[PDB]
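As structure tokens, one chain now follows by itself in the form deposited in one PDB entry.
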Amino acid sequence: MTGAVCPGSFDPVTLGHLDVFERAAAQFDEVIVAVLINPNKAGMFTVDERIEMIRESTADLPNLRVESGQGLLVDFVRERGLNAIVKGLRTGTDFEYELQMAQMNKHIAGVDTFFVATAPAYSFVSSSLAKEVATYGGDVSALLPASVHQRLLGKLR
């Protein structure tokens, strides 16, 4: 059985992330989405809220599961019998930064990273920019899953 981990803060999950999840679940026997908890930045949504939002949006992916993770990612991956990470990239400068992390993760733990190019429609979407825009009344409903948008309006109120 093949498998990969899709890591991120997902605060909140976007349609870009979801596209990556779907494409991973289509090519690996199992996919684990790792929602990374950071004690430093606490973000807009709690880890449990983030997990629930992802589960709602991935309800039709039976071979994908969602968990919280903390600390060194390659430990999270290897603890679950896997040794691949799958991540989306939206630009060359994204690649450069992620490349050093991928080479580091391969060096320290033998864990591989597979990158997928963003769907063209979501090349400009990020969690941070979506939150920023929404905070000032901008409409980001076309960039987020249905599950997220309603919950986002709520947090803003």
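In this text, residue numbers run from 1 along the sequence as written. Between two forms, the rigid core is the largest collection of C-alphas that superpose within 1.5 Å.
One more form of this protein, deposited in another entry, exists but is not displayed; see below.
**Q** State which of the options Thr91, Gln70, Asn63, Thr46 undergoes a Cα shift of 2 Å or more between this form and the one not shown, taking the core as fixed.
**A** Single residue meeting the criterion: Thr91.
**Q** Looking in the other entry, decide if the C-alpha atoms of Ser127 and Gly92 are closer or farther than in the form shown; they differ by 3 Å or more.
**A** Note: Cα gap between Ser127 and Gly92 shrinks in the other entry.
**Q** Do the C-alpha atoms of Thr91 and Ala142 sit closer or farther apart in the other entry than they do here, given a shift of 3 Å or more?
**A** Between the C-alphas of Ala142 and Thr91, the gap narrows in the other entry (3 Å or more compared with this form).
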